[PDB]
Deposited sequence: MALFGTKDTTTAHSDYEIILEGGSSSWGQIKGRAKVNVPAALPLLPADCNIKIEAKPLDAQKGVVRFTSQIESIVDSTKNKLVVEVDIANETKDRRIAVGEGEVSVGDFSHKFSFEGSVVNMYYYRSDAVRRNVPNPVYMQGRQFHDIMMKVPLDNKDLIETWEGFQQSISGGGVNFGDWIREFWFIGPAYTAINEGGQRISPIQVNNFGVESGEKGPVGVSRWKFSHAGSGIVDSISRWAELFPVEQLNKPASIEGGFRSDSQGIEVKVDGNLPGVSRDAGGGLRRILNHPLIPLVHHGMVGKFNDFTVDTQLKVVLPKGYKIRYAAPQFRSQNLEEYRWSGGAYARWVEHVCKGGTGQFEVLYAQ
């Protein structure tokens, strides 16, 4: 039969901490939807405080994959900091490699989040606001050394598309950028991508391809990068290194995945002396929903939540199945149906409130 076997774990820190140790694992005997298989991928993300006075974080990521025998790699190292409550800045470098090909880059970017409104009538009356509409502005400057024949070729293609295309370049680049079903997923999350504005495009003197470009993306409220702008970057809680790792193996007969992290932001002040496990980000559910409906499956799942010592759940919906002091478990019944729901694209709230 078709069965999804999964295990999730949440271990929460108490006091003034929002930190949690999270774990996930799943295996399902269904094909992945990728038109090129097998596909294996590993991701690691680390965030460490560089300067707590200026709120500078050193964010490092490494992604390695094998897709239909092609070996890929992305490495990135970036310094991130808020400048204002709406403007964040990033300065970094990295390298992208595919088989016998590689290219290096350096960049500087500013990202400005703009909520469409501010209302005390909403703030006073909605205890847990979810959908928050807005638009977010990117201004990117990037540099790539044109140190091989392939980089020269692609740079020349962009020179032709930018000069030839005119107003069409910034418009038509969107379907090049959002390759395959990444394009389809834009509308799926109530998201919009503006045309690209080219401020600078040129070759510096070996030769270096230089560019400065801008775009905005917007959301009707599902887009967490906009609705939860401050929360998604919990620099104020980063008093030590945080890290997350994920990995999957897939082919036309199965998918297997494991995630483990230790990071701030797992819990949040819910008000009235209560705390919550953070609201589930909506984009992962909505996007995974585009693949989660291709095969009927039974659910064999368990969630384990371990609160800090002397703390207890005050409200849980779906209700936990069993308890032993600070440890709570969810399996079968209502929780298994919620698991099926969210794997298929559902965004139905699973809420956990705790205190003491």
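Missing from the model, relative to the deposited sequence, are the ranges 1-8, 214-216.
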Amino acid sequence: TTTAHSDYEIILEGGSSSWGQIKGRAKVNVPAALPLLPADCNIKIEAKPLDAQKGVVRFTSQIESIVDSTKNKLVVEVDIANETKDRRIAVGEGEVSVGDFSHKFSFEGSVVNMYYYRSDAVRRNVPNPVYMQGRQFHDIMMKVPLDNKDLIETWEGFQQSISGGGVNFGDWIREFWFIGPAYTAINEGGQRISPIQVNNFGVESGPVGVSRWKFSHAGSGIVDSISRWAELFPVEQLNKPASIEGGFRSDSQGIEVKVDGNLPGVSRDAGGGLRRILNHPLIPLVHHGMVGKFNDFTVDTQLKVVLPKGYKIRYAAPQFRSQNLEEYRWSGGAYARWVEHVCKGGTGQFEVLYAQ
From here on, numbers count along this sequence of modelled residues.
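The PDB entry records a higher mean C-alpha B factor for 263-271 than for its counterpart among 226-234 and 263-271. Between 325-333 and 46-54, the higher mean Cα B-factor belongs to 46-54. Ranking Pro31, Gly292, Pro308, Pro35 by Cα temperature factor from the entry places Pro308 first. Each of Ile196, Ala185, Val75, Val112 has a CA temperature factor in the record; the biggest one is found at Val75. Placement of the Cα temperature factor of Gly20 within the chain: middle third of the modelled residues, per the deposited record. Per-chain ranking of the deposited C-alpha B factor places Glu108 in the middle third. When the CA B factors of the chain's modelled residues are split into thirds, the value for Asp251 lands in the lowest one. When the modelled residues of the chain are ordered by C-alpha B-factor, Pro181 sits in the lowest third. Residue-level temperature factors show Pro207 in the highest third of its chain, judged at the C-alpha atom.
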